[PDB]
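Note sheet for the following structure.
We did not get these values from a lab; they are worked out from the coordinates using the rules stated. Cβ coordinates were reconstructed from backbone atoms using ideal geometry, including for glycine residues, and neighbour counts include every protein chain displayed.
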Ligand code: NA
Ligand code: NA
């Protein structure tokens with residue numbers, strides 16, 4: 001069981017991305033991403049959509065929003081979450 | 001393409017739920033849902049998670065967040081969206 005902030009970090013690390021790489025990919029400012037990863041700010045849904053639409057995060061969508069997976073369709077949990 | 005507000009309306013109407021019924025199932029107050037549907041307010045990600053975790057909206061998760069579907073795993077667009 002993970003919070004939004006723990007989930008964003010789990011997705012980013014499992015993709016071996018630095019925060020700066022994630023900022024450059026998503027267009028979310030580094031400082032804002034830092035706030036999201038620390039739990040200081042909760043991402044508005046439109047920003048969250050931008051993050052999950054980043055090509056390598058899309059496979060985490062179901063897990064991220066609903067804590068369910070569907071690997072036959074590519075929907076998985078980040079490796080580092082140790083989901084299941 | 002549909003905005004967040006439009007997508008919420010599409011999911012609810014496709015599930016033939018009144019707004020009050022959606023309030024009662026999701027536990028999101030009617031006022032808040034009203035503002036989400038009009039665009040007056042944008043849902044925080046935690047609330048959007050709660051909405052998509054409501055059993056009959058889970059199937060729209062991929063479509064809602066990423067504009068993609070995976071029907072083989074039950075991930076579809078709301079019928080009224082006329083997706084594809
Ligand atoms: Na890297
Ligand atoms: Na109804």
Quiz item: Taking only DSSP H segments of four or more residues, each worth -39500 (n - 2.57), what value at 222 nm results for the protein assembly as shown once the sum is divided by all its residues, to the nearest 500 deg cm²/dmol?
Solution: -14000 deg cm²/dmol
Quiz item: Other chains' Cβ within 10 Å of B:1-10 residues: what's the mean?
Solution: 1
Quiz prompt | Shielding by partners - mean other protein chain Cβ count within 10 Å, residues of A:46-53 | solution = 4
Practice problem: Could you work out the equivalent-ellipsoid semi-axes for chain B, taking the square root of 5 times each eigenvalue of the Cα gyration tensor, largest first, in whole Å? | Solution: 20, 13, 12
Quiz item: Working out 0.36 nm times the residue gap between residue A:35 and residue A:79, then minus their Cα-Cα distance, what length gain in nm do you get to one decimal?
Solution: 13.5 nm
Practice problem: Largest first and in whole Å, give the semi-axes of the protein assembly as shown's equivalent ellipsoid, each being the square root of 5 times a Cα gyration tensor eigenvalue. | Solution: 26, 18, 14
Quiz item: Could you state the number of Å between the C-alpha centres of segment A:21-46 and segment B:56-84?
Solution: 26
Quiz prompt | Relative contact order (%) - criterion: Cα under 8 Å, at least six apart; region: chain A | solution = 28
Self-check item: 15 Å cut-off, amide nitrogen to a point 7 angstrom out along residue B:25 Cα→Cβ, residues in segment B:68-84
Solution: B:76-80
Self-check item: Helix B:4-14 axis, angle to chain B major axis (alpha carbon atoms, nearest 10°)
Solution: 80
